[PDB]
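J.: sequence, then structure. It's an experimental one.
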Amino acid sequence: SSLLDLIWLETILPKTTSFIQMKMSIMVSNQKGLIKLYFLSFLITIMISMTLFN
Amino acid sequence: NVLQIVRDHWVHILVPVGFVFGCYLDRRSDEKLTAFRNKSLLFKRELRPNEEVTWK
Amino acid sequence: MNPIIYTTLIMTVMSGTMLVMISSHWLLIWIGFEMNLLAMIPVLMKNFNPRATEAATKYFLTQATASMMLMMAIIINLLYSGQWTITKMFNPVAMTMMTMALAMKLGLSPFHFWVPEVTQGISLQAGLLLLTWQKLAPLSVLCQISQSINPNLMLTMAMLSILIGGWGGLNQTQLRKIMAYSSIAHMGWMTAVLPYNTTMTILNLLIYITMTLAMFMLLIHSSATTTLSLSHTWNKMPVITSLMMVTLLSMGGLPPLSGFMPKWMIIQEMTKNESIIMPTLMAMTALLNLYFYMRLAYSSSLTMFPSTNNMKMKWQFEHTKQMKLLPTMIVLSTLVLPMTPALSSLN
Amino acid sequence: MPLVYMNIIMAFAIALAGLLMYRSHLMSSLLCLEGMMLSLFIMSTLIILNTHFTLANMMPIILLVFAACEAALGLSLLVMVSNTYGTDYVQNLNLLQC
Amino acid sequence: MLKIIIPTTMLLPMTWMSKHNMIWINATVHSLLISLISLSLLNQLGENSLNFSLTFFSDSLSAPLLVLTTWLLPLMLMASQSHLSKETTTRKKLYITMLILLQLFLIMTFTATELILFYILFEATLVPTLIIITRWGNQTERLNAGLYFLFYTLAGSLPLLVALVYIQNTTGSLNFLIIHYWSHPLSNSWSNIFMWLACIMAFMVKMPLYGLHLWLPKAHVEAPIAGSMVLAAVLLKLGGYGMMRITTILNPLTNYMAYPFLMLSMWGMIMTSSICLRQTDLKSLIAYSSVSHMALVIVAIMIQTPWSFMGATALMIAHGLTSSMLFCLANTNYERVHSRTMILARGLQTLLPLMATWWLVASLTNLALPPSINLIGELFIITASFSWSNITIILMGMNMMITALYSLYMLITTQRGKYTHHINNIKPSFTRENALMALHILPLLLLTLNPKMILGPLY
Amino acid sequence: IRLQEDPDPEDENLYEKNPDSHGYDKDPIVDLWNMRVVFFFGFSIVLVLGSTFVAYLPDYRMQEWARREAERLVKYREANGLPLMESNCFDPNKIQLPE
Amino acid sequence: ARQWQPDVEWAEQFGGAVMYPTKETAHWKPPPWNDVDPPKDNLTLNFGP
Amino acid sequence: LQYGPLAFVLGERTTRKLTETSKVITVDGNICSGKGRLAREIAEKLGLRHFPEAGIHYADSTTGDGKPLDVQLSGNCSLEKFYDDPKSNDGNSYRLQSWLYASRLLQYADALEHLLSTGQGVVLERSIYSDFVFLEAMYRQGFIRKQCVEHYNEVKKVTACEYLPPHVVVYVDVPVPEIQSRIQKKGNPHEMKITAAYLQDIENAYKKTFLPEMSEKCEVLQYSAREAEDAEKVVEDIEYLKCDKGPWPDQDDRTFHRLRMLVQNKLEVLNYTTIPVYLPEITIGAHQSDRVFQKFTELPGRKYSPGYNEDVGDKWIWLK
Ligand SMILES: CCCCCCCCCCCCCCCCC[C@@H](O)O[C@H](CO[C@H](O)CCCCCCCCCCCCCCC)COP(=O)(O)OCC[N+](C)(C)C
Ligand SMILES: Nc1ncnc2c1ncn2[C@@H]1O[C@H](COP(=O)(O)OP(=O)(O)O)[C@@H](O)[C@H]1O
C-alpha cells in the first residue's frame, strides 16, 4: 500500500513526468521579454540554420 | 384535459418510433448487400414456382 | 479611430493578403507583405496604451527583419536563376533564407517570443485578427514553395514549436498568452505536415482558424482576459462557460470532436511516408496543450469559483452587442468529424 | 559570381548582425535596418543592369519606396515610445513578458 | 444495430423535452425497453458473427457486453435519482444526457467493425466520464482523479492510433473480418516488438495493468455513484474486448512478449488483494478488488487458449455485475452516514436486515462461490493457466484465499458487531435501494442457470 | 470568515413528510408511479420475458445439428470398419509439399 | 453534506502572475485590470540683453 | 436604429445636437442638506433633466419593471444596518459602499447617454467623483479596512478614468450642529443614530480633497444654506461662468462617438466593478451565489431576454 502503490508507482510515471514538464515550462516561460536578448537568440538561430544544415 | 395529456405525454412515442425507424433502416441497409443472394456455393438453390428472391 | 479609417485599414490588410495569395511575382508578394504590415500596425495600436505601443514596436521590428530576409532570399534566387516567378527555388541558400523569414513571420520556434508578447500587449480583436490573417498569408507562400522546403529544417522547427507551445501554455496564466502558445503549437503541427500534403496543411489551417475564432469570440462575449475574470462567468451566463468548455475540449484533439480530425489526418499522411517517430512524438506532446486546456476548463465550467456582490447588477443588465457567426463557429469547431472526407473538396 | 557581389552580401550580413545586436538605442536598430535595404538596392540594381533586364529596372525604385515607408513607420513608433518613456532605450520595452 | 442505436438518440430529445418531475420515470422506462430490445442480440450463430452492415456487426463477445450496458443504464438512473434530489432541472437533464451519450458511445464501440472506428468511439467515451466525475463528484480530489484518468488513457492510446494507421497503410484494411482472414505471422524484430507494445500497452493501460492502475482508485473513489458503476462494470471491459480483438494480428509474437505482462498481472493480483486486506476506505477496497479481477482477465487473454477466452468473457460479465452491486451498497451506506470510512458505521445487520442479506449475497458472489459465473470464469482461467504452467496454480490459490479473506473481512466489519452508539440517522432501507440490489443480483443467478450465453465465441 | 457563504443544510428525510415513501421522489404520486413503473417494467417484463425468450431462443449454434451429424458419421464409419476420426483434416493428394 | 466547491485559497492559487512561482516570477507583478499602466511623469526662455 | 458605426458613417454626430445648455451639471453637496431641493430647482429653471440620487433600487429600477427587487437578490446590503451597527463583522458597511459606488457609476453612464443622445443637460444630486468622501469617513471611524479602501481606489481608478468630469460642487455648506438639528427634526431613528464625528469627516473630506481637486478641473460654486435657498442666484452664477475648463472644449466627434458607444453598453460600464479581488466583505460563496442566481432567474420577467417572456405577456415568440 504505502511503499509501492502510494510512493514508488506514483513517483515513476506521473510525478516524475509532471516535475519534468513543470521545470521545462518554467525554463521556457521565464523570459524577461527583452528584444535585445531574443533578437540575439534569433541571430544565433540564423547562424546555426545557415551553417549546420545541408 | 386530453390536450394536456398529449401536451405532457407526447414524448413517450419518440423511442417507439425510433425503434421502428431503426428497423426500417436496417432492412434498407440489408437490401444493399444482395450481390451474392442465391449465389453462394452452400445455399445456391432453384427458385420456387412462386418466388423471386430467396431472402429480402 | 474613425470607423471609416478602421474599415479601410482592415480592407487594406485583407487586400495585401489577397495580393500575396494571388501574385505569381516575388516582388508583388513582397509588396503584399509590406502593405499587410503597414496597415496592420494601427490595428494593433487602436486602443492606445504603453503596452499596446510596445507590442506594436516589437511586431514592427520582427516583421521588418523578416521582410528584409525575404527580399534578400528573393535577390539571391534571382542571381542564380534570373527568375521572378514563385516556383521551386533554384538555390539552397536562398531557400533556407526564405524558410527562415517565413518561419519568423508565422511565429515558429525559435522565433516565437513576439507572439505571446504582442498577443498580451494587444486587445482581443487585435489578437484574433493577428493570429488568423498573419498566419493565413505566409502559410500560403510556404504551400506555393513547398516542393523546395528542406524537410530536416522544417520538421525541426515544427517540433520545436510544438514543444515550446506546450510548455509555455503549461506555465502561463493569461488567456491571451495561452492562446498565443496554442497558436504556436498548431502552427508547428501545420508546418510538420506541410512538406508532405499541403491539403492536410490547409485542412489544419481551416480547423484551427474556426476553433480560434470561436474561442476568441467567446472570450470577447464574456469580457474576460484572465483566469479569475473568466471564473466569474458561470454566475452570469453559464451557457457561455459550457460552450467554452466544449471548444477547449475540441482544441485539445479529444475525439469525437472536430479538433481530432487535423491530428488524425496529419498522423495518417506522415505515416504513409514511412515516418513514425515524428507522428508519435507530436501526438504525445499535445498532451501538454490538453493539460492546460483542461486546467482552464476547471476554473470556468466544471467548478464554481467564488463570485462578487455587483454580479447581481450584472444579472440585472443584459448583453447588447451580438457576435457574428458565433453559433456557426461553435458548431463547426465541435461537430464536423463525420464530414471528414470533404478534404477531397478542399484538395 | 564576382567579388563585388561578395562584398555587397557581406555588407548586408553585417547590417543584419548589427540590427540583431542592440546596444542601447532603438534609433541604431532602425539605422541598421536601413543599411540592409541599401545593400539590397545595390545588389538588385547590379544584378538587373548586368543581365540587361530592361523591365526589371523599376523594381529597385519600388523597393526603395516601400522601405522608406517602413522607415517612416518605424520612426513614428520610435517617437511614440520616446514620448511615453523619456528615452529611446530598448530596455524600457519590457512591460510585456514571455 | 440501428434498431438499438436510434432509441438512444431518441432518449436524448425525450429527456430534454420531458417535464421536470417526469425525467427519471421516462428515462428509466425507456432504458428498460431498450434493454429488452437489445436482449435479441444473444441469438448468435456458431461459426461466423452477425454482419448487419458494412459498419456494425455483432459477435458472441459483443452481445453480452451490449446487453450489460443497456441493462446498466437504468440502474445508474436510479442511483442518480438517489443522490441528485436537490439539483436543478437543467443540471439533472445534463447528467442524464451524459449517461445516455456514454451508453450510446459504448454500444457503438462494442458493435464497431473496424479498428479505427473502434478507437474513435473508445476514446470518445472519455469525455462524458470526465465531465461526470469532475462536475458531480463530492470531494476535492475529483479534479486530480479526472486528470489522472484522462492522461493515463490518452498516453496509453495515442501510440495505438499510430500503430493502427501504420497497419492500415501496410496491409490495406482495418476491417476485423479482413484482418482475421488475411492475417499473417508477425516476425520477431524490433519494429514488430514496438507495434505489439503500442497496441497491447494501450489496452493494458485501459484494462488496467498492475503498475498502471493508480488512476482506477483515484477515479472510482472520487466519482459519483453512476460514474463508479459505469467505470467499473463496462469501461474496464473495453481493454479486454480490445485485447481479445487486437491479438489476431499479433501472433506469434504474443508467445514471446507475454512474459512481463503475465508476471505483472499475477503479482498484481497478489499485491492488490493484500492491499484490500488493509484498506480503511470501502470504495478503495472495491476498486482494488476490481483491479485484481481485471489482472486475472489479463492473464487469461495473454495465455490465449480457447479455455481462457471463455473464462475471460464470463469473468468480465460477472465482475461487472458484482462490482456494480458492491458500489451501490457502499453508496447507500455512505449516503446514510456521509463518510466512506469503513469502521465508522457498524451493526448494520442489526439496524438493516435486508441490506445485510444483500451484502452477504454480494460478498459471496465476489469470492466466487459456486456455481456462480464468477467461479466459472475464474476456474476456466485457472485451468488454462495450469495447462500453461504448474506454478500459476499456486499463485491463483493464494490469490483466491486472500480474495475470500478480504471479502468476508469487509462484510464482517460493515455488517456484524455492535452498532455505533452516536449514529442515530440510520433510516430504514428504501424500496428504490432494495429494487436496485435485486435487479443487480437476479441476472447473475439467471446467467448461472444459463451459462453458455456469456462464454464468448469459442464456446 | 472569508466568504458570504450559506451554512451547510441539514439532510432531508423522505419518511418525515411521507411515511409511505418509496425513496424515488418527494412527491407522493410521482414516487408511487415511479416505483410502479420500475417494478413492473424491470422485474416483470425484463426479467420474466427476457429469461423465457433466452431459454427458448432457437438453436442457431447448431449444437443439436452437430450431435446428429456426429451420430450419423459414427454409424457410417463403424458400420464400414473405417476409423472414427480421420488422421488428417485435408487431403494429402490435394496438398503439394515443397520438394 | 454538500458538494465541495473552490474557495478563496483555490482562487488565489489560480490567480497569481504565473503558475509555478519562482524567485523572478514572485518579483514579477500581475498586469493592470484595464491594461493601462500608470503614467510616470513647457519650455522656459530668458530673452533680452 | 441602435447607435453604432453605421449611424456615425451615416452622419449622426454628437456635436450637432450639443447646445449651450447641454451640460452635465453634477451638483455636489453634503449629507442632509437642501441639495436635493436645490438640484430639483436648478433642473426646472435651466430645463435640464433631474436624476434622483442613485441607490440599490435605482439600479433595480432601470431594468425590467421599475419596481424594486428584494434586498437578497439586489444589493445584499442595507443602510439601516450600517446606521445600527457600523462595525458589524459581516462587512455590510463596505458592501453597501461598493454597491452604492456601482449604482452611481451606472447613473452617471445613464446621464451621459441621455445627454449625448438628446442634447439636454442633466442634474445629478451626487456623482462617483464625490462618492469617496463616505469611504474616507468610514475609514477614519474604523468602520472599514485598509484593504477595502485599496479595493475601492482600484475600482474607482479603472472605472472613472473613462468618463468626463462633473460640472459644479454646489457645496451647501451646513455646519455639523445644524446637520444634527435637521436630522433630529426629521425624526428617522436610523439617521438619528449617526454620530457627530462621522458627519465631520464627510465635511473634512469634501473641503480638503474634493473641493481642491475639482477647482482645477472646473468652477466650484459654494453656497451656504440661506444662499442655496435663493436658487435664482445659483442659476445666474451657473450661466455666468465661461472659460476653457475641462476636456469638453477639446472633445471631438470621434471622441463623443467612442464615449456614446461606451455608455450605451451597460455591461461594459459595469465591467471592472467585479474584479477578482477576494475581500471577505464582498466575496460570495459558490453555493450562495448559485442559489441566489437561481432565485433571480425564477423572478417573473427575467428568465429570458425582455422580448421573450411569455409569463409577462410577450407574443409572437416563434417569429421573433
Ligand atoms: C430458491 C432458492 C434460490 C437461490 C438458491 C438456488 C438453488 C437452486 C434453485 C434452482 C431454481 C431453478 C431450477 C429450475 C430451472 C428451470 C428453468 C431452466 O431449466 O431453464 C434455464 C433457462 O433459463 C434462462 O435461460 C435464464 C435467462 C438468463 C438471461 C436473463 C437476462 C434478463 C435481462 C437481464 C440483463 C442482464 C445482463 C447481464 C449480461 C447478459 C436453463 O436453460 P434450458 O434448460 O436449456 O431451457 C429449456 C428450454 N429448451 C429445452 C427449449 C432449451
Ligand atoms: N456612499 C455612501 N455610503 C454610505 N451611505 C450613503 C452613501 N451615499 C449616501 N448615503 C446615505 O444616503 C442618505 C442620503 O440622504 P440625503 O438624500 O442626503 O437626505 P436629504 O434627502 O434630506 O438631503 C444619507 O443618510 C447617507 O447616509
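T.: That came through fine. Numbers count the residues shown, from 1 in each chain, chains lettered A, B, ... in the order given. Ligands and ions are numbered 1, 2, ... in the order given.

J.: and residue H:220, how far is that from chain D?
T.: Applying Cβ to the nearest Cβ, to the nearest Å, the value for residue H:220 to chain D is 33 Å. (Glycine included, C-beta is placed from N, CA and C.)

J.: if I pick that residue, what's in contact with it?
T.: Applying Cβ atoms under 8 Å, 6 or more residues apart in numbering or on different chains to residue H:220 gives the contacts H:168, H:169, H:171, H:211, H:214.

J.: residues near residue 7, how many?
T.: With no chain named, the answer covers chain A. Neighbour count for residue A:7, taken as other Cβ atoms under 10 Å in any protein chain shown: 12.

J.: could you do chain C instead?
T.: For residue C:7, the count of nearby residues is 12 (other Cβ under 10 Å).

J.: secondary structure element holding it?
T.: Assigned by DSSP states H and E, residue C:7 falls within helix C:3-22.

J.: gap between that helix and the chain center?
T.: A distance of 18 Å separates the C-alpha centroid of helix C:3-22 from that of its chain, computed with Cα atoms, centre = their mean, to the nearest Å.

J.: one more: stretch C:168-187?
T.: Chain-centre distance of stretch C:168-187: 10 Å, with Cα atoms, centre = their mean.

J.: can you give me the buried ones in the longest helix along chain G?
T.: Secondary structure of chain G per DSSP state H: the longest helix is helix G:8-14. Of all the residues in helix G:8-14, those buried under the rule 16 or more other Cβ atoms under 10 Å in any protein chain shown are G:8, G:10, G:11, G:14.

J.: same check, this time on stretch E:20-28
T.: Those would be E:22, E:23, E:24, E:25, E:26, E:27, E:28, for stretch E:20-28 by 16+ other Cβ under 10 Å.

J.: could you check whether it is close to chain B?
T.: Yes. Stretch E:20-28 is in contact with chain B by Cβ under 8 Å from any Cβ of the partner chain, via E:22, E:26.

J.: can you tell me how far residue G:23 is from residue G:15?
T.: 20 Å (Cβ to Cβ, to the nearest Å).

J.: between these two, tell me which one has more neighbours.
T.: residue G:15 (20 against 8).

J.: pretty sure that one sits against residue C:228.
T.: Yes. Taking Cβ atoms under 8 Å as the definition, residue G:15 is a contact partner of residue C:228 at 4.2 Å.

J.: return every residue with contacts to both of these two.
T.: Joint contacts of residue G:15 and residue C:228 (Cβ under 8 Å, 6+ apart) are residue H:276.

J.: packing partners of the biggest helix by length in chain A?
T.: The single longest helix within chain A, with elements called by DSSP H, is helix A:35-51. Counting contacts by 3 or more Cβ pairs under 8 Å, 6 or more residues apart in numbering or on different chains; DSSP states H and E, helix A:35-51 is packed against helix C:50-81, helix C:92-106, helix D:3-20.

J.: swap the cut-off to 6 Å and go again
T.: Where contact means 3 or more Cβ pairs under 6 Å, 6 or more residues apart in numbering or on different chains; DSSP states H and E, helix A:35-51 is packed against helix D:3-20.

J.: ok, residues contacting the helix it packs on?
T.: A:39, A:42, A:43, D:29, D:32, D:33, D:35, D:36, D:39, D:42, D:43 (Cβ atoms under 6 Å, 6 or more residues apart in numbering or on different chains).

J.: make it 8 Å
T.: With Cβ under 8 Å, 6+ apart as the criterion, helix D:3-20 contacts A:39-40, A:42-43, A:46, C:65, C:68-69, C:72, C:76, C:79, D:28-29, D:32-33, D:35-36, D:38-40, D:42-43, D:46-47.

J.: ok, and for that helix, which residues are buried?
T.: D:5, D:8, D:9, D:11, D:12, D:15, D:16, D:18, D:19, D:20.

J.: relative to helix C:92-106, how tilted is that helix?
T.: 20 degrees (axes from the mean of the first three to the mean of the last three Cα atoms, to 10 degrees).

J.: let me know whether the following helix or strand past helix D:3-20 sits next to chain C.
T.: Once the chain leaves helix D:3-20, the next helix or strand it forms, by DSSP H and E, is helix D:26-50. Yes. Helix D:26-50 reaches chain C (Cβ under 8 Å from any Cβ) through D:26, D:29, D:33, D:36, D:37, D:40, D:43, D:44, D:47.

J.: relative orientation of helix D:26-50 and helix D:3-20 in degrees?
T.: Relative orientation of helix D:26-50 versus helix D:3-20 (the same axes, to 10 degrees): 160 degrees.

J.: residue contacts, the one residue in the stretch 201-320 of chain H that gets nearest to chain G?
T.: Taking Cβ to the nearest Cβ, chain G has its nearest neighbour within the stretch 201-320 of chain H at residue H:286, 3.8 Å off. Applying Cβ under 8 Å, 6+ apart to residue H:286 gives the contacts C:304, C:305, C:306, C:307, F:5, G:5, G:6.

J.: return the distance of it relative to residue C:295.
T.: With distances taken as Cβ to Cβ, residue H:286 is found 18 Å from residue C:295.

J.: then residue C:141?
T.: Between residue C:141 and residue C:295 the computed distance is 35 Å (Cβ to Cβ).

J.: where do the strands sit along chain G?
T.: Using DSSP state E, no strands are found in chain G.

J.: based on its surroundings, how many neighbours for the residue nearest to residue H:201 when sequence neighbours are not counted?
T.: Of all residues not flanking residue H:201 in the chain, residue H:137 sits nearest, at 3.8 Å (Cβ to Cβ, 6 or more residues apart in numbering or on different chains). Applying other Cβ under 10 Å, we find 22 residues neighbouring residue H:137.

J.: isn't residue H:137 right next to residue H:202, touching?
T.: Yes. Assessed by Cβ under 8 Å, residue H:137 is found in contact with residue H:202 at 4.8 Å.

J.: shared neighbours, the two?
T.: Counting by Cβ under 8 Å, 6+ apart, nothing touches both residue H:137 and residue H:202.

J.: one step back: what would the residues of helix D:26-50 next to chain C look like in CSV with neighbour count?
T.: Below are the residues of helix D:26-50 next to chain C laid out as CSV (neighbours: other Cβ atoms under 10 Å in any protein chain shown):
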residue, neighbour count
D:26, 23
D:29, 25
D:33, 23
D:36, 25
D:37, 22
D:40, 22
D:43, 24
D:44, 23
D:47, 21
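
J.: near ligand 1, from these?
T.: Among the residues of helix D:26-50 next to chain C, no residue sits close to ligand 1 (Cβ under 6 Å from any ligand atom).

J.: which member of those is positioned nearest residue B:20?
T.: Nearest to residue B:20 among these: residue D:33, at 73.8 Å, using Cβ to Cβ.

J.: list the contacts for that closest one?
T.: For residue D:33, counting by Cβ under 8 Å, 6+ apart, the contacting residues are C:64, C:65, C:68, D:15, D:19, D:70, D:71, D:74.

J.: who's in contact with the residue in chain G that chain D sits nearest to?
T.: Chain D sits closest to residue G:37 of chain G, with a gap of 6.5 Å, by Cβ to the nearest Cβ. Contacts for residue G:37 were tallied using Cβ under 8 Å, 6+ apart; they are C:49, C:50, C:51, D:95.

J.: the helix holding residue C:7 and chain H, are they touching?
T.: Yes. Interface with chain H: helix C:3-22 contributes C:3, C:4 (Cβ under 8 Å from any Cβ).

J.: helices or strands next to that helix in the packing?
T.: Applying 3+ Cβ pairs under 8 Å, 6+ apart, one finds that helix C:3-22 makes contact with helix C:26-44, helix C:124-144, helix H:5-10.

J.: okay, buried residues for it please.
T.: Of the residues in helix C:3-22, C:9, C:12, C:13, C:16, C:17, C:19, C:20, C:21 count as buried by neighbour count, 16+ other Cβ under 10 Å.

J.: measure the second one to residue C:129 for me?
T.: As defined by Cβ to Cβ, residue C:12 lies at a distance of 12 Å from residue C:129.

J.: can you check the third one too?
T.: The span separating residue C:13 from residue C:129 equals 8 Å under the rule Cβ to Cβ.
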